[PDB]
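Working notes, structure below.
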Amino acid sequence: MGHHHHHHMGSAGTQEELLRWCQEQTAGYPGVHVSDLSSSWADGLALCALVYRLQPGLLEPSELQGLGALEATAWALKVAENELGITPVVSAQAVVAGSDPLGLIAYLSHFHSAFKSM
């Protein structure tokens with residue numbers, strides 16, 4: 001199958017399933033909105049929310065939630081890898097700046113595949 005590449009849906013078609021799964025996993029925190037593939041990860045809320053869900057006894061989202069964006073990403077990314085074992089795919093600066101859509105989505109896939117199977 002396949003016509004050429006794109007015709008109606010393709011890029012957004014994947015983001016929809018990714019954003020939907022992300023919001024569901026980040027659902028529970030009385031003060032966290034997950035509906036953006038950039039700003040949502042600014043303060044590292046989306047990433048922290050996921051990590052905390054996997055290791056609630058080895059995470060501190062609320063701590064890095066306001067302490068800082070760069071610190072939240074670097075801290076969550078470092079601990080996430082230490083607690084889960086997932087090696088970072090993109091730099092904190094890029095994540096906080098949202099200048100890496102391909103990298104942000106790829107990372108989410110790693111976390112999803114880890115929980116999808118476990």
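A note on labels: chains of the structure tokens are A, B, ... as shown, every chain counts residues from 1, and ligands are counted from 1 in their shown order.
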Restrict the calculation to only C-alpha atoms, then for each residue of segment 41-73 of chain A with any atom at most 10 Å from an atom of segment 5-27 of chain A give the closest atom pair and their distance in Å to one decimal, rows by chain and rising residue number, as a Markdown table.
```
| residue | atom | partner | partner_atom | distance |
| --- | --- | --- | --- | --- |
| A:45 | CA | A:26 | CA | 8.6 |
| A:46 | CA | A:26 | CA | 6.5 |
| A:47 | CA | A:26 | CA | 8.7 |
| A:48 | CA | A:26 | CA | 8.9 |
| A:49 | CA | A:26 | CA | 5.4 |
| A:50 | CA | A:26 | CA | 6.1 |
| A:51 | CA | A:26 | CA | 9.6 |
| A:52 | CA | A:26 | CA | 9.4 |
| A:53 | CA | A:25 | CA | 7.7 |
| A:54 | CA | A:25 | CA | 9.9 |
```
- Within 7 Å of segment 81-93 of chain A, counting only C-alpha atoms, which residues qualify if same-chain residues fewer than 4 places away don't, as a ChimeraX atom specification? /A:70,73-74,77,97,103,107
- Selected residue, from A:96, A:114, A:76, A:105, that lies nearest to residue 40 of chain A when counting only C-alpha atoms: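 Among the listed residues, the smallest separation from residue 40 of chain A belongs to A:96.
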With only C-alpha atoms as the counted atoms, please give the residues lying no more than 8 Å from residue 99 of chain A, apart from itself and same-chain residues fewer than 3 positions off, as a tab-separated table (two decimals) with N, CA and C atoms, in the first residue's frame.
```tsv
chain	number	residue	atom	x	y	z
A	38	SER	N	5.57	20.84	23.74
A	38	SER	CA	6.68	21.77	23.93
A	38	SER	C	6.60	22.45	25.29
A	94	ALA	N	17.16	21.96	24.66
A	94	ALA	CA	16.27	21.73	23.53
A	94	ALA	C	14.87	21.35	24.00
A	95	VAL	N	14.81	20.53	25.04
A	95	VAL	CA	13.53	20.08	25.59
A	95	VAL	C	12.73	21.26	26.15
```
- Task: Taking the DSSP assignment computed from this structure's backbone, write out as a ChimeraX atom specification all residues of chain A that belong to helix (DSSP H, G or I).
- Result: /A:11-25,39-41,45-54,56-58,61-67,69-83,92-97,101-117
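Of the listed residues A:44, A:31, A:37, A:55, the one whose atoms come nearest to residue 115 of chain A is A:55, with distances taken using only C-alpha atoms.
The nearest approach to residue 56 of chain A among the residues A:80, A:106, A:118, A:1, with only C-alpha atoms taken into account, belongs to A:80.
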- Which of these, A:41, A:75, A:111, A:29, has the shortest distance to residue 98 of chain A once you count only C-alpha atoms?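 Among the listed residues, the smallest separation from residue 98 of chain A belongs to A:41.
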